[PDB]
Amino acid sequence: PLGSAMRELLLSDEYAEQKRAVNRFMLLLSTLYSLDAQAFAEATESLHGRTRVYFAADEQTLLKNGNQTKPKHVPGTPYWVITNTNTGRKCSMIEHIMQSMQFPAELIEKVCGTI
DNA sequence: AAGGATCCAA
DNA sequence: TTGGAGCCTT
């Protein structure tokens, strides 16, 4: 059901249209949220750095728990995510979320490679 | 400004 | 051996 939407996303025109890791990163998130805004929330409450906070309803909250985190507003959602990270960390975040929303590792790996 | 590999710390 | 983030090329 959800796996379908994601798989459709990677093939979508606008996904292929994003030109940078971040944009693709945002889109995956935006999409994972609209899929199950509920499950997304739970997967989210359990995702954070060793000192940095990753997602938060307000920006200052990200601005308050780390230095030069690049808070960006996840379009379509009530969440903000940090952006000062390498593609490896981005996949790690996506990976953490999808795992929570219990996705097939196969597809999960498929997504990261597109980031 | 912005993105994100690179590099350093824990 | 995972995570932070100043830093320098777009």
Side-chain angles (χ1 to χ4, degrees):
Chain A
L2 293 57
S4 325
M6 289 305 283
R7 297 174 195 289
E8 273 174 52
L9 176 55
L10 306 187
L11 300 166
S12 99
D13 273 13
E14 70 166 300
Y15 183 62
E17 190 164 55
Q18 303 309 314
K19 257 63 266 290
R20 303 195 166 74
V22 246
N23 312 296
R24 295 194 275 287
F25 180 67
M26 299 300 258
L27 224 52
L28 298 167
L29 298 172
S30 288
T31 297
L32 284 167
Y33 175 65
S34 66
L35 282 182
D36 183 350
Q38 200 304 304
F40 189 81
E42 189 175 5
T44 229
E45 298 176 0
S46 46
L47 175 54
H48 54 68
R50 199 204 310 304
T51 79
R52 283 174 157 200
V53 175
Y54 291 171
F55 301 91
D58 284 314
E59 178 186 320
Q60 316 167 210
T61 300
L62 292 183
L63 298 186
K64 173 186 300 74
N65 297 82
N67 303 74
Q68 286 304 148
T69 65
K70 289 304 175 56
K72 210 128 298 184
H73 175 60
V74 180
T77 73
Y79 294 88
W80 281 73
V81 198
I82 63 167
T83 283
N84 175 246
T85 58
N86 50 45
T87 51
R89 180 145 299 283
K90 288 186 178 63
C91 138
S92 167
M93 291 189 249
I94 291 300
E95 174 178 288
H96 176 81
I97 298 184
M98 299 190 85
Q99 278 177 54
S100 163
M101 303 177 102
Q102 301 195 311
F103 272 86
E106 149 267 342
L107 173 50
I108 289 185
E109 305 209 297
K110 179 184 275 66
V111 181
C112 291
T114 76
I115 305 175

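Just the heavy atoms: all of them, side chains too, but no hydrogens, waters or symmetry mates, feed the values below. In the text below, chain A, chain B and the rest are named by the order of the sequence lines, each starting its count at 1.
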Can you name the closest pair of heavy atoms from A/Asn84 and A/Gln68 and give their distance?
-> CB-O, 3.0 Å
Mark yes or no for whether A/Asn86, through its side chain, and A/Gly88, through its backbone, hold a donor-acceptor pair below 3.5 Å.
-> yes
Nearest heavy-atom contact between A/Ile94 and A/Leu29 is CD1-CD2, 3.8 Å
Candidate pair A/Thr114 and A/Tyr15, rule side-chain hydrogen bond (donor to acceptor under 3.5 Å, both in side chains), full reasoning = CA-CA 10 Å; A/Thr114 76; A/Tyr15 183 62; 2.5 Å; yes
Calculate the interatomic distance between A/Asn86 atom CG and C/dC7 atom P; express it in whole Å.
-> 18 Å
What is the distance, rounded to the nearest whole Å, between atom CD1 of A/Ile82 and atom P of B/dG3?
-> 14 Å
Within less than 4.0 Å of OP1 or OP2 of C/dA5, is there a side-chain N or O belonging to A/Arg52?
-> yes
Establish, with yes or no, whether the OP1 or OP2 oxygen of B/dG4 is under 4.0 angstrom from a side-chain nitrogen or oxygen of A/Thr85.
-> no
Starting from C1' on B/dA1, measure out to CG on A/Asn84 and report it in whole angstrom.
-> 14 Å
Got A/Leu28 and A/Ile97 here, is their nearest side-chain heavy-atom distance under 4.5 Å?
-> no
Value in whole Å for how far the P atom of B/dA5 lies from CD1 of A/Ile115 | 11 Å
OP1 or OP2 of B/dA5 under 4.0 Å from side-chain N/O of A/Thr87 | yes
Specify the residue among A/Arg20 and A/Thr51 whose closest nucleotide of DNA chain C lies further upstream toward the 5′ end.
-> A/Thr51
Tell me: CD of A/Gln18 to P of B/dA2, nearest whole Å?
-> 17 Å
Could you state the CD1-P distance from A/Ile94 to B/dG4, rounded to the nearest angstrom?
-> 14 Å
Sugar-phosphate only, base, or nothing, as touched by A/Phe25 at under 4.0 Å among non-hydrogen atoms = nothing
With respect to the side chain of A/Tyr54, which nucleotide from B/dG3, C/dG3, B/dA5 is positioned closest?
-> C/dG3
If each of A/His48 and A/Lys70 is mapped to the nucleotide of DNA chain C with the nearest heavy atom, which maps nearer the 5' terminus, i.e. the 5' end?
-> A/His48
Would you kindly give the CG-to-P distance between A/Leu47 and C/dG4, to the nearest whole Å?
-> 10 Å
Using a 5.0 Å cut-off (strictly under), name the groove whose base atoms touch the side chain of A/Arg50.
-> minor
Phosphate oxygens OP1/OP2 of C/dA5: is one of them under 4.0 Å from a side-chain N or O of A/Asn67?
-> yes
Under 4.0 angstrom, heavy atoms only, what part of the nucleic acid is A/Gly88 near: base, sugar-phosphate, or nothing?
-> nothing
Could you check which of C/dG4, C/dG6, C/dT2 has an atom nearest any side-chain atom of A/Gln68?
-> C/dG6
So, is A/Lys19 close to the B/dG3 phosphate, meaning a side-chain N or O under 4.0 Å from OP1 or OP2?
-> no
In whole Å, what is the span from the CZ atom of A/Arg89 to the P atom of C/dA5?
-> 11 Å
